[PDB]
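Listed next as structure tokens is one chain, alone, in the form deposited in one PDB entry.
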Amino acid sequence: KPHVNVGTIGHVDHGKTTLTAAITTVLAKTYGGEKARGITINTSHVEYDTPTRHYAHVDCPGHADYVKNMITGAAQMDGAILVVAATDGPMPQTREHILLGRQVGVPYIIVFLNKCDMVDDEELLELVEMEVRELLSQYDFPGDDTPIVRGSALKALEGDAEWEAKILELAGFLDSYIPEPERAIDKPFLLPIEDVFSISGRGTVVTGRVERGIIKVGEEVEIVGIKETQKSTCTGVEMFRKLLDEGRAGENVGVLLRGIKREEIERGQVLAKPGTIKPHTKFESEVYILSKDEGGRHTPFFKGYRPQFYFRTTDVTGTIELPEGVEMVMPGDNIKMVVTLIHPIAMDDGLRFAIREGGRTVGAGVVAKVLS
């Protein structure tokens, strides 16, 4: 079953969490036909199945105070479900999440017009959809081709068959609108670590999505980044409600390691095939500085700018060195800069990263040359 990562986004209380619940119970009740919790160890991470696909779903909180949290997640989404209440219509955080979505590159967005159980005016609904499409278009998303499902997450969760049908329609779009993601299975194994929980009588288990390759039980691995590189052996692989012998590219899993204590592995480090990736502190890069037009800074920054650099599952402070003669960087400029991180991160040429500072996204770049 192909694995696809999705999630819920949208304004505070528009119905993200309820919808997540409605999706799992309607799908289990309709197509329904173990202490294993890989990524589900995280409360906002669920898993469910449609007839031909398996989904990893991250339910995001809608308050601006929590924007950080969803970034590392949205960046891993193959597609996102935008929840918008028909009552309120688009709100401030509907805008921000769409914006963040565009900045990190979420490839597809499906809309669930929620709380329609509270609205009887077909004209009201048409108007709201219309403005949701324009809002999407304003952020460079296919507003006119965007599937919009009119439903009620609450009535569906409560068992109302007429509304449950809308949940299935939504699931249908997840299956049809989001293309099957390509997986780098023929590359050396790599998995960025998100959660790290200890299981009594088993050792430590790290979770995350397998970026590329395959990790099989019995194979040895390295833990690279932040701390000094360590070595270990994969004693097991799990998923929500099942045990496996392998972890494949594109799959969200939990990996058991032997001889490693919970306090020796942390978020941000990566699990990898021995000797295939190294930790670096300094590197060169081609970075694009968002314009105000795109939600970036309104002013130029100078030498010694110390923003946060987002690499895979974590972010880390870094200092910037500018090109000889260059005194400032303007919003909207493309520039080559040498970056020095406060601590090492596993990387190689080509690795993408985002730059965030002061509550917003300032840049999007890629590692050009590793130095450290």
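From 1 onward, residues are counted along the sequence shown.
The same protein also exists as the form deposited in another entry; that form is not shown, yet it is the one meant from here on.
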| item | value |
| --- | --- |
| Hinge candidate matching the rigid-part switch between the shown form and the other one, set 326, 124, 64, 183 | 183 |
| CA-CA separation of residue 12 and residue 209, closer or farther in that other deposited form than in the form shown [shift of 3 angstroms or more] | farther |
| CA-CA separation of residue 187 and residue 182, closer or farther in that other deposited form than in the form shown [shift of 3 angstroms or more] | closer |
